[PDB]
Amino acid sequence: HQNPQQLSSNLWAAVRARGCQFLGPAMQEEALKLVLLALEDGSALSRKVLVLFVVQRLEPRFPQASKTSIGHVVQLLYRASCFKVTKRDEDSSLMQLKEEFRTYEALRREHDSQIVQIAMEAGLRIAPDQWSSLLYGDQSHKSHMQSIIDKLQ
């Protein structure tokens, strides 16, 4: 037994609870684009450079952006196993985008998918129509979301 704003709040709560975050549809879109920009050529960056790199290009339009918040967003992708991490003896690990995820379509999918797996981990039944609200600020992506939900289940 759960209402719309009961589910949203709980979703964002479980998300924050894993050191992840969603900055609203527009800002999250731009972030992910910058991650690609950074890593589509196969560049390998440490987590810190990566965050900065994004934070810097993003600050102009979204003055809220911080090493912290973007850090979270990166952690979301980290958890969704998009990065091909590479250890270094007592140094920052290096991070690359797995080949499969070097397109936006591909990345944004795996990103969305992860948010859902959290919802699932959290026992939260949300319908495509609402997902498309939550993640894109509109109803233009039910089909997309439905596909994500089905391809997990």
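Sequential numbering from 1, following the sequence displayed. Whichever C-alpha set is largest while still superposing within 1.5 Å between the two forms counts as the rigid core.
Visitor: I'd like to know which segment deviates more from the shown structure in 5 other deposited structures of this protein: 60 to 68 or 47 to 55, using C-alpha RMS over all structures and residues after a core fit.
Guide: Of the two stretches, the larger average C-alpha offset in 5 other deposited structures of this protein falls on 60 to 68.
Visitor: 126 to 134 versus 6 to 14: which one's CA atoms end up farther from this form in 5 other deposited structures of this protein after a core fit?
Guide: Stretch with the higher C-alpha RMS distance in 5 other deposited structures of this protein: 6 to 14.
Visitor: Regarding 5 to 13 and 18 to 26, which shows the higher C-alpha temperature factor on average in the entry?
Guide: Of 18 to 26 and 5 to 13, the stretch with the higher C-alpha B-factor average is 5 to 13.
Visitor: With respect to the C-alpha temperature factors reported in the PDB entry, which of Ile115, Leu36, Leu124, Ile70 ranks highest?
Guide: Among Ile115, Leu36, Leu124, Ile70, the highest C-alpha B-factor in the entry belongs to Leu124.
Visitor: Among all modelled residues of this chain, ranked by Cα B factor, put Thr86 in the bottom, middle or top third, i.e. lowest, middle or highest.
Guide: For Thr86, whose C-alpha B-factor we compare with every modelled residue in the chain, the answer is the lowest third.
Visitor: Classify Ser93 as lowest, middle or highest third according to the C-alpha B-factor given in the PDB entry, relative to its own chain.
Guide: Highest third of the chain for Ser93's C-alpha B-factor.
Visitor: Quick check for you: using the entry's CA B-factors within this chain, is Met120 in the lowest, middle or highest third?
Guide: Within its chain, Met120 is a middle-third residue by C-alpha B-factor, going by the deposited values.
Visitor: Considering every modelled residue of the chain and its Cα B-factor in the PDB entry, is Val54 in the lowest, middle or highest third?
Guide: Bottom third by C-alpha B-factor.
Visitor: What third of the chain does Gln64 rank in for C-alpha temperature factor, lowest, middle or highest?
Guide: Highest third - that is where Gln64 ends up once the chain's C-alpha B-factors are sorted.
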